[PDB]
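J.: Here it is: the structure, laid out below.
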Amino acid sequence: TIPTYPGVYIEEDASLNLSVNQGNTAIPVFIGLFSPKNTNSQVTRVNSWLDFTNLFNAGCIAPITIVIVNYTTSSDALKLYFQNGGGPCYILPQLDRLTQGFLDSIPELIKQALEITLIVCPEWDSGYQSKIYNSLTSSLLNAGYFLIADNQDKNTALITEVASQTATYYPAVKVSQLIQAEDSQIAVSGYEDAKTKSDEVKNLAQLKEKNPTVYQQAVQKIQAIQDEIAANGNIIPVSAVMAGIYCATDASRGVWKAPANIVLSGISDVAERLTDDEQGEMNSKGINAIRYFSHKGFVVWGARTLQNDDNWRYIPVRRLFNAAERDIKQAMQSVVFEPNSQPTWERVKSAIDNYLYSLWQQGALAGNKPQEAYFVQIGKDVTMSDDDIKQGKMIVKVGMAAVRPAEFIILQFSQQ
Amino acid sequence: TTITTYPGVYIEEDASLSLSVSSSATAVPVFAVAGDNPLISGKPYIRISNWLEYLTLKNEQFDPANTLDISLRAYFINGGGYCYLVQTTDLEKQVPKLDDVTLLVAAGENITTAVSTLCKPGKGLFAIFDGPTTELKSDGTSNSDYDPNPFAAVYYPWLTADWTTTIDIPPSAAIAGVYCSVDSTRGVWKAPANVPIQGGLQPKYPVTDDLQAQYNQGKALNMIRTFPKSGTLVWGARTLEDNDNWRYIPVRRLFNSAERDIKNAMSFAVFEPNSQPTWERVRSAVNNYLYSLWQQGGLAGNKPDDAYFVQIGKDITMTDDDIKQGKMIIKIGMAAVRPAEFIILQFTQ
Amino acid sequence: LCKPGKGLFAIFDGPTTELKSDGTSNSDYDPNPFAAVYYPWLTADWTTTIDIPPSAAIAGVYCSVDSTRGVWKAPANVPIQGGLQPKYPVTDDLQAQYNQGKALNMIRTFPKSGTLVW
């Protein structure tokens, strides 16, 4: 409302709010068909659900280009993300057609935003998701980024550039209803006639009052989409939910705790009911499953990555190393242009050793004493040679030991 | 009536039945349904909470000529809780999807194949079969077609009531109701025998002591007999395997309930660090449950040290290979109480 | 006046004639969620060619019910004090037409409980 007199105003509405959380080690970026309220392609930081609605148009209908329409699950996926404990996030809206120029620029756009740690594509279309996942180069993933992916099949795992930096989840989740937007909140562009320029029509409401013929053309596609989504049920990709669970787990228990065995909230039902034998096949292949248990509800029942080896098999082990090398890199950025001499190397060793000791205190690392948990090495004849120093190089070796989760518990019952 | 327009009182004269429902967690049955039933067609399973819900979903009057209708009425009139309806052909595919199902009830269908696949150690399932529809052979070969499965039981004969026609009620439907009533009243460790069968249900054929003497060992059949003063009772609590273990239904079903409750008790420990502090937390959860079970009277022993024991630790239950593989191994041993079955009176002057 | 946020509720008067059986005796009222209509007009011992409007008596019921059982309790199924009687009789079939949409609230007399707001 527009206030004129001082005092108390009363409004009746139905707008929904969610509590805003905070975090540092889990900041996801969402790539999808979003509808920003401002025309001006660039990553936008969103602090909460209220901020998102202030900067973006929430709805299940993508912006209309003149006609064609598209169905998007981005808004509801974000609502699930905030309901599950999500904090501030970045949004990368994809507008118009999916050109190869946009795909090539994705790794650079994400790197420009310095706080990103997670990548999520909250779109129901399988072909659209596959194109986005293939655009994440190995250089981007190896730079300390983690991709949460939605597996489209129960029998075949996803393929990405870096296996150890990816986790897949199955199946999608249903919700009670979608977010519906008014005509004024549906972006419309491309319309033009003899008496009007292309920029004079901005939303569906202006389109209706200027040309009912094409307005009826648009609504029949919208109604057809609404009928189709109602038949299959309001299905939402599960990667957005997992992004919120990652934030909640890190704030509460820490990065070294597996993001599994957590109850989902805000969803209605899973897209498919799984058995133990089926889950046994997926788990070996590296597909984490969303299971339903009567005494619990809907829970995450997997903590594996796409790479199956003794090093990077588990998500908490992989994510802990990503967090450690990120925090260590932040500490060494105060030493970049220091003189390359022995007193500089001593300061580097002290900074890393101080950080690693704090990590061991909280229980992130394994061992009964610090010497069993980590080590730091740097020297003139230990890690680097004279040629490296003459070239401006500084080499330090860091090793850590992590704790693996317990995945199988076996009960042995006896009669006597 | 069903169309409410004005505020006030509406009068209608109906004849729909009305029953009552209990709540037992250790007895959640699944009823095998013929595929030709219109209500079950096109769905994986249907959950029925009471007779009111079933009548509403049916949208038809009670038909005594429908085997499903009488089986549900007999089951609900005996105190059964909410159940699941699954087509017989879909049992091996839909039962593992359901997590709270404990009983596999043959509501007149043939579930021999499903039982041989589902009812296995560790699955936490018990099956209820149907006895022969004809008279009992005196040679003792009326139970030859049943597998010696310690996770199943057979009940004979079929039952009839006032509201009966050319079809007779399968005994498994009424027995499953007895399971719900006994568990909620006296516990799962008490034999589901020597209890009346509610309603006007009567056995179709009479069984004497001499007839039952043949079918009370080996692959035993549990009988539903009528006695001069106590009415109609369930007479028999033996499974299909004659062994010092799992001879009696109470012992097999008690271990099934304890395994399920313990599994839920320590399920919090999955995806936790596989170290000693986690093992101690799990041991506390198991010991707390077993003491509670012993206090209720479900275990045999004057003190808890005689009723159960829990072991978990390195070089006691698991080795280095088990820990490195993510395995955590626990050993639980509990003693069950076995009922008195034969009573002998010695008379002298 | 009666708009969201203004904190006002309106009490109207029903038609002064008989109720049309076609269900169109409430066509002149706006679908305002802040208003209500009551039918029919009332008479008493101290009455003449003019009949008491139902709104005056109903507003008194509002004061009594609120002070007795709270504002959240329905201001119906309560007797109308004094010797007030409805001018016309309303049956279950007559009220069935005017209990949805732009509903009219009725004042009816019942065999044992006297005159009640229905």
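In the structure tokens, each chain is lettered A, B, ... as it comes, each chain's residues begin at 1, and ligands are numbered from 1 in order of appearance.
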For a quick test of understanding: name the residues of chain C lying within 7 Å of chain B when counting only C-alpha atoms, and present them as a list in words.
T.: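 Here they are: residues 92, 95, 96 and 99 of chain C.
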J.: Which neighbours of region 375-390 of chain A fall inside 9 Å, counting only C-alpha atoms, when residues of the same chain fewer than 5 positions from it are skipped, and could you give them as JSON, numbers by chain?
T.: {"A": [340, 341, 342, 345, 346, 348, 349, 352, 353, 356, 370, 395, 396, 397, 398, 399, 400]}
J.: Quick one: write out the picked residues with C-alpha atoms as a PDB file, in the first residue's frame?
T.:
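The result, stored in again_12.pdb:
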ATOM      1  CA  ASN A 340      60.168 -15.401  -1.713  1.00  0.00           C
ATOM      2  CA  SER A 341      62.454 -16.083   1.242  1.00  0.00           C
ATOM      3  CA  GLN A 342      62.610 -18.362   4.270  1.00  0.00           C
ATOM      4  CA  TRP A 345      57.710 -19.736   4.195  1.00  0.00           C
ATOM      5  CA  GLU A 346      57.693 -19.906   7.999  1.00  0.00           C
ATOM      6  CA  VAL A 348      52.884 -19.790   5.559  1.00  0.00           C
ATOM      7  CA  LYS A 349      53.504 -22.942   7.598  1.00  0.00           C
ATOM      8  CA  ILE A 352      48.170 -23.517   7.669  1.00  0.00           C
ATOM      9  CA  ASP A 353      49.106 -25.340  10.877  1.00  0.00           C
ATOM     10  CA  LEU A 356      44.380 -27.376  10.559  1.00  0.00           C
ATOM     11  CA  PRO A 370      47.314 -33.649  15.693  1.00  0.00           C
ATOM     12  CA  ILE A 395      55.229 -25.114  -2.948  1.00  0.00           C
ATOM     13  CA  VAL A 396      53.616 -26.478   0.221  1.00  0.00           C
ATOM     14  CA  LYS A 397      52.348 -30.019   0.829  1.00  0.00           C
ATOM     15  CA  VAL A 398      49.265 -30.622   2.987  1.00  0.00           C
ATOM     16  CA  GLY A 399      47.822 -33.967   4.040  1.00  0.00           C
ATOM     17  CA  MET A 400      44.709 -34.768   6.046  1.00  0.00           C
TER      18      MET A 400
END
J.: Using backbone DSSP assignments, extract all strand (DSSP E) residues from region 186-290 of chain B; output them as a PyMOL selection string.
T.: chain B and resi 202-203+222-227+231-235+272-273
J.: With N, CA, C and O atoms retained, could you export that selection as an mmCIF file, in the first residue's frame?
T.:
data_model
loop_
_atom_site.group_PDB
_atom_site.id
_atom_site.type_symbol
_atom_site.label_atom_id
_atom_site.label_comp_id
_atom_site.auth_asym_id
_atom_site.auth_seq_id
_atom_site.Cartn_x
_atom_site.Cartn_y
_atom_site.Cartn_z
ATOM 1 N N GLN B 202 -19.012 -69.687 12.630
ATOM 2 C CA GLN B 202 -18.932 -71.069 13.076
ATOM 3 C C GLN B 202 -18.127 -71.885 12.079
ATOM 4 O O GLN B 202 -18.188 -71.632 10.871
ATOM 5 N N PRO B 203 -17.363 -72.868 12.551
ATOM 6 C CA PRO B 203 -16.640 -73.743 11.624
ATOM 7 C C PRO B 203 -17.605 -74.543 10.764
ATOM 8 O O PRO B 203 -18.691 -74.924 11.206
ATOM 9 N N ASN B 222 -3.604 -75.536 12.256
ATOM 10 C CA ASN B 222 -4.277 -74.966 13.413
ATOM 11 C C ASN B 222 -5.782 -75.035 13.199
ATOM 12 O O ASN B 222 -6.278 -74.691 12.122
ATOM 13 N N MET B 223 -6.502 -75.482 14.220
ATOM 14 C CA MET B 223 -7.909 -75.813 14.089
ATOM 15 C C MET B 223 -8.774 -74.763 14.775
ATOM 16 O O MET B 223 -8.350 -74.109 15.729
ATOM 17 N N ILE B 224 -9.993 -74.612 14.273
ATOM 18 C CA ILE B 224 -10.998 -73.741 14.867
ATOM 19 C C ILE B 224 -12.143 -74.642 15.309
ATOM 20 O O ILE B 224 -12.978 -75.052 14.496
ATOM 21 N N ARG B 225 -12.188 -74.952 16.600
ATOM 22 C CA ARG B 225 -13.133 -75.915 17.140
ATOM 23 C C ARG B 225 -14.134 -75.224 18.054
ATOM 24 O O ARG B 225 -13.905 -74.115 18.542
ATOM 25 N N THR B 226 -15.255 -75.901 18.276
ATOM 26 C CA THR B 226 -16.310 -75.426 19.161
ATOM 27 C C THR B 226 -16.393 -76.348 20.369
ATOM 28 O O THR B 226 -16.440 -77.572 20.218
ATOM 29 N N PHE B 227 -16.404 -75.759 21.556
ATOM 30 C CA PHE B 227 -16.432 -76.495 22.806
ATOM 31 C C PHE B 227 -17.745 -76.248 23.540
ATOM 32 O O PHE B 227 -18.391 -75.213 23.343
ATOM 33 N N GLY B 231 -17.815 -71.835 23.539
ATOM 34 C CA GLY B 231 -18.128 -71.381 22.199
ATOM 35 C C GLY B 231 -17.101 -71.800 21.168
ATOM 36 O O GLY B 231 -16.560 -72.907 21.238
ATOM 37 N N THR B 232 -16.822 -70.924 20.207
ATOM 38 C CA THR B 232 -15.877 -71.208 19.134
ATOM 39 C C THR B 232 -14.537 -70.561 19.452
ATOM 40 O O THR B 232 -14.465 -69.351 19.686
ATOM 41 N N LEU B 233 -13.479 -71.369 19.454
ATOM 42 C CA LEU B 233 -12.150 -70.918 19.836
ATOM 43 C C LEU B 233 -11.137 -71.332 18.779
ATOM 44 O O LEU B 233 -11.352 -72.275 18.014
ATOM 45 N N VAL B 234 -10.024 -70.608 18.747
ATOM 46 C CA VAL B 234 -8.874 -70.982 17.934
ATOM 47 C C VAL B 234 -8.034 -71.962 18.742
ATOM 48 O O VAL B 234 -7.573 -71.637 19.841
ATOM 49 N N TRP B 235 -7.835 -73.161 18.202
ATOM 50 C CA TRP B 235 -7.174 -74.251 18.914
ATOM 51 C C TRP B 235 -5.934 -74.655 18.122
ATOM 52 O O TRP B 235 -6.000 -75.509 17.236
ATOM 53 N N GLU B 272 26.623 -42.299 10.111
ATOM 54 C CA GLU B 272 27.379 -41.718 11.205
ATOM 55 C C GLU B 272 28.797 -42.270 11.192
ATOM 56 O O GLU B 272 29.061 -43.304 10.568
ATOM 57 N N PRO B 273 29.748 -41.596 11.840
ATOM 58 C CA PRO B 273 31.114 -42.132 11.889
ATOM 59 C C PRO B 273 31.141 -43.520 12.508
ATOM 60 O O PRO B 273 30.463 -43.793 13.499
#
J.: Which one is closest to residue 230 (chain A): A:276, A:401, A:178, A:306? Count only C-alpha atoms.
T.: A:178
J.: Taking only C-alpha atoms into account, produce a table as a Markdown table in which each residue of chain B with an atom at most 7 Å from an atom of chain A appears once, together with its shortest atom pair and the distance in Å to one decimal, ordered by chain and rising number.
T.:
| residue | atom | partner | partner_atom | distance |
| --- | --- | --- | --- | --- |
| B:96 | CA | A:275 | CA | 5.7 |
| B:97 | CA | A:275 | CA | 5.3 |
| B:99 | CA | A:294 | CA | 6.2 |
| B:100 | CA | A:294 | CA | 6.3 |
| B:270 | CA | A:407 | CA | 5.7 |
| B:271 | CA | A:405 | CA | 5.0 |
| B:272 | CA | A:405 | CA | 5.0 |
| B:273 | CA | A:405 | CA | 4.4 |
| B:274 | CA | A:406 | CA | 4.8 |
| B:326 | CA | A:406 | CA | 4.8 |
| B:327 | CA | A:408 | CA | 4.9 |
| B:328 | CA | A:409 | CA | 4.7 |
| B:329 | CA | A:410 | CA | 4.7 |
| B:330 | CA | A:411 | CA | 5.0 |
| B:331 | CA | A:412 | CA | 4.6 |
| B:332 | CA | A:413 | CA | 5.0 |
| B:333 | CA | A:414 | CA | 4.6 |
| B:334 | CA | A:416 | CA | 5.9 |
| B:335 | CA | A:416 | CA | 5.5 |
J.: Compile the residues of chain A that lie within 8 Å of chain C, evaluated using only C-alpha atoms, and express the compilation as a list in words.
T.: residues 9, 10, 11 and 12 of chain A
J.: Using DSSP on the backbone coordinates, identify the residues of chain C assigned to helix (DSSP H, G or I); present them as JSON, numbers by chain.
T.: {"C": [54, 55, 56, 57, 58, 59, 60, 61, 62, 63, 64, 65, 66, 67, 68, 69, 92, 93, 94, 95, 96, 97]}
J.: Find the spatial neighbours of residue 27 (chain B), counting only C-alpha atoms, within a cut-off of 8 Å - ignore same-chain residues fewer than 5 positions away - and output them as a list in words.
T.: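 Within the cut-off, the hits are residues 81, 101, 102, 103, 176, 179, 180 and 183 of chain B.
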